[PDB]
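1. Give me a model of this one.
(chains A and B, ligands or ions: 2)
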There are 2 protein chains.
Amino acid sequence: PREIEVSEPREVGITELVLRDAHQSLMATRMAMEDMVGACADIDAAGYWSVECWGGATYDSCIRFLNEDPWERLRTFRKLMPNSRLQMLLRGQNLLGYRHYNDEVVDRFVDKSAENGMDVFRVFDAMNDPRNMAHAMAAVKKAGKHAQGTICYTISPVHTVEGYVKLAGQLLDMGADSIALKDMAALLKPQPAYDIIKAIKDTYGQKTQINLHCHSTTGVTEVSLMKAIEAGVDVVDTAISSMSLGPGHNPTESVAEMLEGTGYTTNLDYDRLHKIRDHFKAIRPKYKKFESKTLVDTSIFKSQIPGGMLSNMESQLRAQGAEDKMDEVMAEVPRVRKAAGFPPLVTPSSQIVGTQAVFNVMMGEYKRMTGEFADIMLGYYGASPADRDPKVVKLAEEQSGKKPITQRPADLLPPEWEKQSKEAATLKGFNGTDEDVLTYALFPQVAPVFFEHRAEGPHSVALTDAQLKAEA
Amino acid sequence: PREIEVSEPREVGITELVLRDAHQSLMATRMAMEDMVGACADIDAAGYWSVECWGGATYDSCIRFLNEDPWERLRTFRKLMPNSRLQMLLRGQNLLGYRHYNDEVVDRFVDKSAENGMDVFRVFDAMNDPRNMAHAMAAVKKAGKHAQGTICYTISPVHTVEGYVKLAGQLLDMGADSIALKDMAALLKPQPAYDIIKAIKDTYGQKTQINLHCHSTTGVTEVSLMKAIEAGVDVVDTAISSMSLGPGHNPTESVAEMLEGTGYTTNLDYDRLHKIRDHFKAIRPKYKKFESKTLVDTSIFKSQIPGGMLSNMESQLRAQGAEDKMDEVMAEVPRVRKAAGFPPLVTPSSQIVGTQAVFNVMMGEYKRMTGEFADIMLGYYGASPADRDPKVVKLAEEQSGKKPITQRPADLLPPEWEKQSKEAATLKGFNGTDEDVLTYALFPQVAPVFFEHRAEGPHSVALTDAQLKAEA
Ligand SMILES: [Co+2]
Ligand SMILES: [Co+2]
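-> Numbers count the residues shown, from 1 in each chain, chains lettered A, B, ... in the order given. Ligands and ions are numbered 1, 2, ... in the order given. Please see the structure below:
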C-alpha cells in the first residue's frame, strides 16, 4: 500500500520575478523602467512574499544599455511598492561585478543597497563555495535585512542530497535567515525536489525557511514545484503568466490555481494578478527583437550543457571555421568540468568551462589555458564541489605562473575603496555618492560613458508602438 | 501524519499528438503532409502507446485548405508507421461532419476507417450524451478495433466526480475498451485529476484502462498529469517538445523526464524523440502566420469561457459596432449555458452558446434564438448534463415550431447512404469509392471543389523557405 507523506495544509508564499529574472531570462534584461512602473501598484497589492526587482544582470543592463542609474531604479521601486519585501540576487564576494572584491567594498554595497530599500538579499556563489557568500551574508545581517543563503542546484557525479543538506547547514551556520535552492537550468526533477527539500526540513527542522527558484527551460519544474510543496517548501518563485515559460519561469497564476483542493493555498489576489498580466502582455511585443526561440529543451538532462552555454560555444566554432566538431566539444565539456571539480554550469563557470573545452578540441587538450580557466584550477574563484585534477592543476600553474591557493580568495585582496573613490571622482558626470563609486568599482569600462550621458535620462532599446505597427 | 496513496511503480503509456491535435491546436490544422512524413519512421520506433494522426478537424482541413485526400493521408501514415497503433478523434454520431447521420453512414465511416488502417477510435460527444457515442462504439467493436469512449471534462455546478464515474460506467456498458478523459480547455486541476482517475479505478477496477488528454492552455495540466499517474492512469497524451505548450499540450520529453526516480517510467526512446523534436523545430517556423499569441491563460477558471470562444464573440461585437458590452456578454454566457443544461463548452456547443449569448445582450434575452440554439434546447443534439430550463425550452419551441424530443436524435434519421452515393456520383472528380461518398456526405459544400482539384496533388499554405528568408 504505497504512500507518500505530504506536508500539512498550509499557505505557500510566492515570490514574483517579473521585475527582474523574468525579463533577464526572456528578453536579455532589456526591460525599460517606464514599461514596469505601471504595474508596481498592483504588484505591491497582489500578496507576494517578496518582489524580486534588483540585482542579477539588471545593474549592468541599466548602465550599459538603458542609460539608467540602477540606484534610481531601486529607489523608485521602493517608493512605488512600499508594502512589499523587495528582493535581489547578489553573487557573493563578486557582488554584481566582474571579480571578487575586498570585504570593505562588499560592506559598502550591501549597506547602500539596504539604505536604498532592499529587504531580501539572495546571496549565492557560482561554485557553491560558502566562504564566498559568508561576508556578504554578514553585511546583510548587520544592516538588519533578510540574508538568504543560496544553493545552486546542478546534476553531477558528486552532487547528492547529502551534499545539499550539508551546504544548507553551512549556510545556516553563517546566519542565513532562509535557504534558496537555485535551479537556473531547470535541472531539478520532481523526486529530487521532494527528497532534497524534505531532507533539509528533517535535518534542520520545519522552522528552516526554504525558497525554491526553478526556471522552466526543460518543462518539468512546475511538477517539481508541486513536489517541493508536498515536501514542505515555504516559498516558490514564479513569473506573471504573460512573462513566463521557455528559459523563463513557471507562471504565477498557474502555480496559484493548481493548488485548489490540495489543502495548500497561496494568498495572491487573482484580480491584481490579472492586471499585472495584462500590463506586461501589452508591453512584451515591443521586446520581440530580444526574445528566445525555444520554449522547451530537455537536452541538458543528457548533455549537462545549458542551451546558452552550447550557443556561446557554437558561435566560437563557426567563428573558428571548424563547426564540424560541435560533437567533439560537447564530449570535451564533461571532461573539463570534471577537471575543474564539477562546478555548477552557471555564469561565469559555464563560459569558462565552455571556452576552455573549445581550445582542447583544437589547439589541443590543455595546450593553451585561458586566464579564467587557470584561475579556476588554481583556486582563485574558490573551492570546487569536488577536488580538481592535480595534474590539470599543475599545468595551470606552469601555464600562468600563479601558485595554487585554497583559502577564500578575498583574504588576499587589499583595501581598495579609497583607490576606487579617487579614480571615480575624476570622471565627468560623477555625482560624488558611494553609489557612483560602486558603479565605477563594479563596471570600470562602462561607468565613464554612463556618467557623461546619464543626464539624458533612461532610454529604451525596445521597439516603439510606431515601429510595431511598421512590422505589421 | 498526512499521506497520499499512489499507484505502484509501473510503466506509463504515452500517446503522441504531433501528427493531429498538436498542429490543429497550434497552427489551425494547416500542417502539410509533406512536412510530417519525414518524422514517421522515428515516431514509429519511439515507443508510444498510440499515434494520434487522423480525425478531428484534419479531414476538413485536408479537403478545404490543402487539396489533400484525408483517406490518402491515413493510408500513408499506416504504411510509414507499420508497427504503431494509429489513433483518431471521432465525434460520435456526428462523425467528422456537420450533423448527426443515420446509423448506416456511421457504420460505413468506421468500416472504411478500420479498413484503411485506423486502430484506436476515440469516440466522443460534445454534450457527453452516451447515446450519441453508442453506435460508433459498436461499429468500432464489429471492425475488431479499439473503442475508446470519451468523457469531455468541464467545470460546472452539475459536474462532479460521481457524475464522471457514472459516465465511465455507461461507456464501459457500451463495450468501451478504454476510457478517455478529454480536457480540451485545460480545466483539469491536479486534485480533481487524482480524485476522478482514482474513483474510476476504485469503482470499476484497476483493469479499467484510462487515457488522459489535457491541453496546456491554463498551464496547470502537467502537474495534473503527475497526479493522474499517482492515481493510476494508464496513458497520458503529449506533444513533441518543439510542438507543445500554449493552446497545445504538455511536452512528450518533459513528461517522460519528470518521472525519473518516482518509480514510474515510460518506455520512449529519447534518441528517437530528439529526432522527432528537431524535425518539427525546423519546420514549425513556416507556419508562423497561423500561430496563437498566448502561451498561458488561466482566466477560464473564473469566466468559464475558453479563449477561442471569447474571441469568436469578441469579433461578433466589434462587427456589430457595440464591443462596449464585452462584459455584458461574458456575464450572459453562464446564464445561457445554464439554460442549455451546462453542456461542456467545446465545439460546437461553445459557438452556439456564445452566439446566442450575444443576441440576448442586444436583440434581447432569447428575443431571437439561432437555429442551432433552438435545436440544443429542443434536444436535437441529445441530452444535456443537466435538465434544460423548461421556460427557455418552450420559447425555443414557439420560435422554431419544432417539438421537443428527448430520445437519441439519430433514431429519427432515415437511411441516406443511397441518396448520398447518387448525388456524389454526379460530381466531376468523384472516384466512385465509399471514401469519396463519405467525403461528400461529411462536407457537401467542399466535396465539389476538392473533387475537381484533387488531381493537382496536395498543397501547403505554409511559408516557403524562400518566403521565410524574405521576412528575415
Ligand atoms: Co533565475
Ligand atoms: Co485535444
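2. use CA for all of it now, contacts and neighbours both
-> Fine.
3. Outline the domain layout of chain A.
-> A:9-292, A:293-472 (curated CATH domains).
4. Any idea how far apart the tips of the first one sit?
-> Using CA to CA, to the nearest Å, the gap from the first to the last residue of domain A:9-292 comes to 38 Å.
5. Ok, stretch A:173-180 next?
-> End-to-end distance (CA to CA), stretch A:173-180: 15 Å.
6. Give me the contact list for it.
-> If you take CA atoms under 8 Å, 6 or more residues apart in numbering or on different chains as the criterion, stretch A:173-180 is touched by A:122, A:134, A:137-138, A:141, A:146-151, A:168, A:171-172, A:208-213.
7. how about a cut-off of 6 Å?
-> The contact list for stretch A:173-180 (CA atoms under 6 Å, 6 or more residues apart in numbering or on different chains) reads A:146, A:147, A:148, A:149, A:150, A:209, A:210, A:211, A:212.
8. which residue ranges form the strands in chain A?
-> According to DSSP state E, chain A carries its strands in the segments A:3-5, A:10-11, A:13-16, A:50-55, A:86-90, A:120-123, A:146-152, A:178-183, A:210-214, A:235-238, A:264-265.
9. a markdown table for the domains of chain A, including mean neighbour count and distance to residue B:95?
-> Formatted as a markdown table, the domains of chain A follow (neighbours: other CA atoms under 10 Å in any protein chain shown; distance: least, CA to CA, whole Å):
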| stretch | mean neighbour count | distance to residue B:95 |
| --- | --- | --- |
| domain A:9-292 | 21 | 34 |
| domain A:293-472 | 17 | 35 |
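10. so what's the nearest residue to residue A:411 once chain neighbours are set aside up against?
-> Among residues not flanking residue A:411 along the chain, residue A:102 sits closest, at 7.9 Å (CA to CA, 6 or more residues apart in numbering or on different chains). When contacts are counted by CA under 6 Å, 6+ apart, residue A:102 touches A:410, A:413, A:415.
11. quick one: which of these is nearest chain B?
-> Comparing these against chain B with CA to the nearest CA places residue A:410 closest, at 40.1 Å.
12. Not including adjacent chain positions, what is the nearest residue to the closest one?
-> residue A:102 (5.7 Å).
13. List the residues that contact residue A:276.
-> Taking CA under 6 Å, 6+ apart as the test, what residue A:276 contacts is residue A:39.
14. now do 7 Å
-> A:39, A:42, A:43 (CA atoms under 7 Å, 6 or more residues apart in numbering or on different chains).
15. Check residue A:409 too.
-> Residue A:409 touches A:380, A:381, A:382, counting by CA under 7 Å, 6+ apart.
16. for residue A:198, same thing?
-> Residue A:198 is in contact with A:231, A:232, counting by CA under 7 Å, 6+ apart.
17. now what about stretch A:282-300, what contacts it?
-> By CA under 7 Å, 6+ apart, stretch A:282-300 touches A:26-28, A:35, A:217-219, A:245-247, A:306, A:462-464, A:468, B:241-242, B:253-254.
18. gap between the two ends of that stretch?
-> 33 Å.
19. and it, how far out from the chain's middle?
-> The chain centre lies 18 Å from the centre of stretch A:282-300; the measure is CA atoms, centre = their mean, to the nearest Å.
20. Enumerate every residue touching residue A:68.
-> A:62, A:454, A:457, A:458.
21. thinking the last one is in contact with residue A:65, fair?
-> No - using CA atoms under 7 Å, residue A:458 is not in contact with residue A:65; the gap is 9.2 Å.
22. The domains of chain A: which one's closest to residue B:160?
-> Closest approach to residue B:160 among the domains of chain A (CA to CA): domain A:9-292, 13.6 Å.
23. and chain A, which of its residues are near chain B?
-> Neighbours of chain B within chain A, by CA under 7 Å from any CA of the partner chain: A:2-8, A:189-191, A:218-220, A:222-223, A:241-242, A:253-254, A:258, A:261-262, A:296, A:298.
24. Okay, and which of those map to helices?
-> Assignment to helices by DSSP state H places the following of the residues of chain A next to chain B there: A:190, A:191, A:222, A:223, A:253, A:254.
25. State the pair within the residues you listed that is farthest apart.
-> Distance extremes for these: the farthest pair is A:191 and A:253 at 23.4 Å, using CA to CA.
26. shouldn't residue A:410 be in contact with residue A:104?
-> No - in this structure, residue A:410 is not within contact of residue A:104 by CA under 7 Å, at 10.3 Å.
27. residue contacts, residue A:8?
-> residue B:2.
28. and it, backbone torsions?
-> phi -70, psi 160 (degrees, to the nearest 10).
29. Distance check, it against residue A:232.
-> Residue A:8 is 8 Å from residue A:232, by CA to CA.
30. what does residue A:86 give?
-> According to CA to CA, residue A:86 and residue A:232 sit 24 Å apart.
31. next one: residue A:300
-> Noted for residue A:300: a distance of 27 Å to residue A:232, by CA to CA.
32. again, but for residue A:113
-> According to CA to CA, residue A:113 and residue A:232 sit 31 Å apart.
33. cool, and residue A:428?
-> On the measure of CA to CA, residue A:428 and residue A:232 end up 53 Å apart.
34. Same check on residue A:2?
-> Taken as CA to CA, the span from residue A:2 to residue A:232 is 20 Å.
35. residues in contact with residue A:46?
-> A:268, A:269, A:272, A:273.
36. quick one: it and residue A:209, what's the gap?
-> 21 Å.
37. got TSV for the strands of chain A, with distance to residue A:285 too?
-> Formatted as TSV, those follow (distance: least, CA to CA, whole Å):
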stretch	distance to residue A:285
strand A:3-5	43
strand A:10-11	34
strand A:13-16	21
strand A:50-55	21
strand A:86-90	26
strand A:120-123	30
strand A:146-152	32
strand A:178-183	27
strand A:210-214	25
strand A:235-238	20
strand A:264-265	32
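38. on that earlier part again, tell me which entries of the contacts of residue A:276 lie within helices.
-> Among those, the members falling in helices (DSSP H) are A:42, A:43.
39. And the residue of the stretch 351-472 of chain A closest to chain B?
-> Distances between the stretch 351-472 of chain A and chain B by CA to the nearest CA are smallest at residue A:471, namely 9.9 Å.
40. distance of that residue from residue A:420?
-> Per CA to CA, residue A:471 is found 46 Å from residue A:420.
41. Over to residue A:177?
-> 32 Å.
42. Might you report the residue contacts of residue A:139?
-> Contacts of residue A:139 by CA under 7 Å, 6+ apart are A:107, A:110.
43. How about residue A:103?
-> Residues in contact with residue A:103 (CA under 7 Å, 6+ apart) are A:135, A:410.
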